[PDB]
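Working notes, structure below.
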Amino acid sequence: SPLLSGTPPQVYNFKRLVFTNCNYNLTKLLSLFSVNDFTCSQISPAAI
Amino acid sequence: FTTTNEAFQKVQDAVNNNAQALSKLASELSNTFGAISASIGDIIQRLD
């Protein structure tokens, strides 16, 4: 939820969100954007 | 037929040798020979 407000910060000042206990539905987020480049290393793009 | 009986102890030793032979086979399936997991189905759904 905090991702969807305000002016997102520039690259060198990237904010962070650490989730150590929760249940995540990522496609429930990526549906809200128009994904353009999904590139992943050390785990498959579908495996995340 | 008790603990002082040597022949009975030998019978039990033979049974225990059989059991140990089976147990060594059954025990190496949990070994992870320098991998990320011992289950093949787990590493399959996590890497490329």
Side-chain angles (χ1 to χ4, degrees), chain A residues 1-27 29-48, chain B:
Chain A
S1 308
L3 199 150
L4 304 172
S5 69
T7 68
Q10 308 293 319
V11 55
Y12 49 79
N13 210 7
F14 60 102
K15 297 197 185 306
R16 180 176 319 279
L17 286 81
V18 63
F19 309 158
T20 187
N21 197 1
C22 63
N23 297 0
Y24 72 113
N25 188 22
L26 200 59
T27 301
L29 173 58
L30 282 195
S31 171
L32 277 296
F33 282 82
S34 74
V35 58
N36 197 351
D37 186 74
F38 197 111
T39 177
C40 201
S41 179
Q42 305 218 260
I43 196 170
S44 296
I48 207 70
Chain B
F1 297 125
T2 185
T3 80
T4 88
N5 210 331
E6 320 89 292
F8 188 69
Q9 288 327 307
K10 265 191 203 50
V11 175
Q12 190 66 67
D13 298 353
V15 162
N16 286 337
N17 285 352
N18 284 16
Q20 291 327 60
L22 285 198
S23 214
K24 190 166 325 322
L25 274 195
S27 132
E28 290 302 76
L29 282 206
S30 287
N31 209 45
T32 314
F33 312 75
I36 68 141
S37 157
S39 147
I40 281 145
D42 210 31
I43 96 105
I44 265 201
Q45 77 170 350
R46 274 183 51 198
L47 314 184
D48 69 45

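Lettering of chains follows the sequences in order, A, B, ..., and the numbering in each one begins at 1.
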**OP:** Not counting sequence neighbours, which residues clear side-chain contact (heavy atoms from CB on, under 4.5 Å) with B/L22? List them please.
**Re:** none

Original post:
Going only through I, L, V, M, F, W and Y residues with side-chain contacts under 4.5 Å, is there a path from A/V35 to A/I43?
Top reply: yes

Original post:
Should A/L30 and A/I48 be regarded as members of a common hydrophobic cluster, given that ILVMFWY residues are connected when their side-chain heavy atoms come within less than 4.5 Å of each other, either directly or indirectly?
Top reply: yes

Short donor-acceptor separations (under 3.5 Å), chain B to chain A:
unit_1	atom_1	unit_2	atom_2	d
B/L47	O	A/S44	OG	3.4

Original post:
Around B/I40, counting heavy atoms of other residues, nucleotides and ligands shown, do more than 12 lie under 6.0 Å from its CD1?
Top reply: no

